[PDB]
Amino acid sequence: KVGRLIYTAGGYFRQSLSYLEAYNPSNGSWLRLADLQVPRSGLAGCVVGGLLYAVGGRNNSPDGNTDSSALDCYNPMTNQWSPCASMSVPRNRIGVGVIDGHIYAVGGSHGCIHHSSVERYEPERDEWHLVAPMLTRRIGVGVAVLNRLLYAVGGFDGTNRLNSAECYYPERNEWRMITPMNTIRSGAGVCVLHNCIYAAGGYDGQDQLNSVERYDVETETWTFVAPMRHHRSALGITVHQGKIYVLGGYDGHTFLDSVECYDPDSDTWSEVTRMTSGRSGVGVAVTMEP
């Protein structure tokens, strides 16, 4: 369990970014690691087998906006990125989750197209295949996995921001609606802690949010917990040693460098570190130090 870092990849400030940086909660240090081969914002990060994956996004640059179908793999042992097989379609503002060593890519946008499609990556075979699509088109969708079920939360369907959510049951290759959130959220951070799916922040169509609510998969209720100190949309999120960490985002005025940490035992947030520069739309995941 020792030696794990919080990795943040890509993001946005003025343009899409190629940064890969890793925070050590044990000593407060940040490390700058190998840049992404292509700058990307609106991507998602995940880890399988100790390897860090960067999935989808968009390269917003002065000379273009290119939505990404890319899957790239970072090995901390080598400090090198390697391309993997690309997805069927570009997916900006994507959500991803891992079930039993397989990466699920959910939703996202391609130009004005809002995807309901979903595809699954097999790392050993380096292949993507489409699975059943969601019941709703969703970009800026939050995704997390609990008890080998995959949850897609909120987002934007092309017309409305959403409080709805749904769950994918792999053995039936089927999606079902779950209880909707209390709050409309696009671009929230979604993660799993204990027996709940948490949705932190986002944009409700009017303001960036500091509220946080959690879905109890047993009781099927959404309950608010303590709000974050900072309102933020397009934040990064992960869980580490029983606590939630939120990284960066946009508060309506500033691209935040703030990293906050939620303690579920006390139901409190605290500010634990700052990123090296403010940014939004990062991918985040946890694995061993390089």
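We number the residues from 1 along the sequence you see.
S.K.: Comparing average C-alpha B factors as deposited, tell me which of 1-9 and 281-289 sits higher.
M.R.: Comparing averages over the C-alpha atoms only gives 1-9.
S.K.: Should the higher mean CA B-factor in the entry be assigned to 208-216 or to 156-164?
M.R.: Comparing averages over the C-alpha atoms only gives 156-164.
S.K.: Which of these, 62, 45, 236, 42, has its C-alpha atom at the highest B-factor, as the entry lists it?
M.R.: Most elevated C-alpha B-factor of the set, per the entry: 62.
S.K.: Quick one: which of 255, 53, 245, 224 has the biggest Cα B-factor according to the entry?
M.R.: Checking the PDB record, the top C-alpha B-factor among 255, 53, 245, 224 is at 255.
S.K.: How does the C-alpha B factor of residue 69 compare with the rest of the chain: lowest, middle or highest third?
M.R.: For residue 69, the deposited C-alpha B-factor lands in the lowest third.
S.K.: By the recorded C-alpha temperature factor, relative to the other modelled residues in its chain, which third is residue 93 in?
M.R.: CA B-factor rank for residue 93: lowest third.
S.K.: Please rank the C-alpha B-factors of the chain's modelled residues and tell me whether residue 181 sits in the lowest, middle or highest third.
M.R.: It falls in the middle third of the chain.
S.K.: Would you mind ranking residue 117 by its C-alpha B-factor against the rest of the chain and naming the third, lowest, middle or highest?
M.R.: Within its chain, residue 117 is a lowest-third residue by C-alpha B-factor, going by the deposited values.
S.K.: Pull the Cα B-factor of residue 58 out of the PDB entry and bin it into the chain's lowest, middle or highest third.
M.R.: For residue 58, the deposited C-alpha B-factor lands in the lowest third.
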